[PDB]
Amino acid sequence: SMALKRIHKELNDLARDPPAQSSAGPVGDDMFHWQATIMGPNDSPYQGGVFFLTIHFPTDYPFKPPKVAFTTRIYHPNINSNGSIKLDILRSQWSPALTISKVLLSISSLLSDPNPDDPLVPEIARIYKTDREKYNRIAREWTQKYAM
């Protein structure tokens, strides 16, 4: 209810000032469920891809973080095959001053600069560390299959 007012405010912000490189809006008539797209950033092995996100807002948002998950497959140490994201501002580092806009920037920044030391899928992190160009090649390959 207060969460609804604040979700409405954010949407107005997206209206008045449309972000570059991302899109998000409600799913149907449900303001507590959103959908979004991220561009793969140009530095990454995901350049050229667009990744799809599903977003749920809890009833006491913004005091508790939204649930965010990829619905596009991606080769990434912190994003597993369910689309779950290991990102600090999404659990312990969440703040009621953060917005969905900044969450997307972060996820995008997470794509450009992975955190292999606290990985969600161990095997990818080991390849990321041991063999970078192995990692970037298969990331690019997954980008071509799932993200085009």
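Sequential numbering from 1, following the sequence displayed.
Of the two segments examined, 95-103 and 116-124, it is 116-124 that shows the higher average Cα temperature factor in the deposited entry. The question of which stretch, 6-14 or 128-136, has the higher mean Cα B factor is settled in favour of 128-136.
The deposited CA B-factor of residue 108 belongs to the lowest third of values across its chain. Per-chain ranking of the deposited C-alpha B factor places residue 81 in the middle third. The PDB entry assigns residue 37 a C-alpha temperature factor belonging to the lowest third of its chain's modelled residues. Residue 54: CA B factor lies in the lowest third for its chain, per the PDB record. In the deposited entry, the Cα temperature factor of residue 26 places it in the lowest third of its chain's modelled residues.
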